[PDB]
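Asker: Fold the following.
(one chain, ligands or ions: 1)
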Amino acid sequence: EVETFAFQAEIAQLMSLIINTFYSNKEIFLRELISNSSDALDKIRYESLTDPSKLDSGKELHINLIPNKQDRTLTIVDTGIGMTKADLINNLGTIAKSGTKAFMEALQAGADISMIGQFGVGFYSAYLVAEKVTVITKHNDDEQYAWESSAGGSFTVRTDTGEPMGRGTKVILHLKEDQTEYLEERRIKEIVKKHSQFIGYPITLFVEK
Ligand SMILES: CC(C)Nc1cc(-n2c3c(c4c2CC(C)(C)CC4=O)CCN(C)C3)cc2c1C(=O)NCC2
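Answerer: Numbering: from 1, shown residues only. Take a look:
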């Protein structure tokens with residue numbers, strides 16, 4: 001079954017601002033999502049030091065970038081801690097509420113959209129380039145879930161019926177028609193080198209056959 005939820009008022013406001021504001025420096029979405037993945041990887045790595053059985057769901061700690069020109073999708077796969085049903089519906093939304101408020105106040109005070117990460121709401125920069133975002137996730141303590149939103153004030157959460165992941169998160173960016181440059185090998189390499197060169201996990205770009 002598919003459950004539909006309204007985003008927190010502040011989050012819905014941020015999403016509308018990200019989608020409607022004229023801002024050409026859209027490439028920052030990739031460093032924001034890579035940073036989210038890197039943070040999830042740090043979390044599982046740290047937890048595994050006191051409980052090694054937390055890595056029974058996969059020992060490899062990495063990030064994979066998968067562009068798909070046919071489907072017009074850019075997929076970011078990590079083997080991080082993953083997210084529970086509570087994280088997707090309540091927890092992360094509650095955490096994001098305060099940062100979203102602070103970021104929108106900062107934007108009114110002179111700050112630019114690239115500073116989104118300093119407020120811990122960088123995930124939402126995915127909407128600079130994507131018309132729809134699908135998040136497939138698996139945490140050791142819960143089932144595999146699929147979160148999805150095309151903005152408009154709502155998101156859906158369902159138990160994922162697809163291919164089992166083991167542990168981690170897949171962020172599927174259903175790109176806007178004019179944002180296909182982020183599917184080009186050369187462009188992705190340039191973004192990773194400029195903004196994510198010092199990420200402490202291997203970042204593998206999957207080249208299209
Ligand atoms: C284990 C938490 C910290 N990893 C993540 C958390 C988010 N994330 C975050 C936020 C949100 C999301 C994803 C979302 C779909 C739940 C929406 C949201 O508000 C707000 C606060 N941010 C600090 C993080 C996104 C991702 C991840 C992840 O594991 N991999 C990549 C995608």
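
Asker: So which bits of the lengthiest helix in the chain are buried?
Answerer: Looking across the chain with DSSP state H, the single longest helix is helix 28-48. For helix 28-48, burial by neighbour count (16 or more other CB atoms under 10 Å) applies to 28-38, 40-41, 44-45, 48. (Each C-beta comes from the backbone N, C-alpha and C, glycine too.)

Asker: near the ligand, which residues of this protein show up?
Answerer: Counting by CB under 6 Å from any ligand atom, the chain comes close to the ligand at 36-37, 39-40, 78, 80-81, 83, 88, 92-93, 95-96, 120-121, 123, 135, 147, 169, 171.

Asker: Just the buried residues of those.
Answerer: Buried among the residues of the chain next to the ligand (16+ other CB under 10 Å): 36-37, 40, 78, 80-81, 83, 88, 92-93, 96, 120-121, 123, 135, 147, 169, 171.

Asker: ok, back up a step: strands - which of the residues of the chain next to the ligand land there?
Answerer: Residues of the residues of the chain next to the ligand located in strands (DSSP state E): 78, 135, 147, 169, 171.

Asker: now the strands for this structure?
Answerer: Using DSSP E, strands in the chain cover 3-6, 63-68, 73-78, 130-138, 144-149, 154-159, 168-175, 203-205.

Asker: The longest one: partners in the sheet, and parallel or antiparallel?
Answerer: I take that to be strand 130-138. Strand 130-138 sits in its sheet next to strand 144-149 (antiparallel), strand 168-175 (antiparallel), going by DSSP bridges.

Asker: could you measure residue 106 against the ligand, distance?
Answerer: Distance, residue 106 to the ligand, using CB to the nearest ligand atom, to the nearest Å: 16 Å.

Asker: What is the burial count for the closest residue to that residue other than its chain neighbours?
Answerer: What sits nearest to residue 106 in space, not counting adjacent residues and going by CB to CB, 6 or more residues apart in numbering, is residue 115, at 6.7 Å. By other CB atoms under 10 Å, 14 other residues sit near residue 115.

Asker: now swap in residue 128 and tell me
Answerer: By other CB under 10 Å, 22 other residues sit near residue 128.

Asker: Which residues are in contact with it?
Answerer: 18, 23, 26, 28, 29, 113 (CB atoms under 8 Å, 6 or more residues apart in numbering).

Asker: right, and out of those, which lies closest to the ligand?
Answerer: residue 29 (11.8 Å; CB to the nearest ligand atom).

Asker: Lovely, talk soon.
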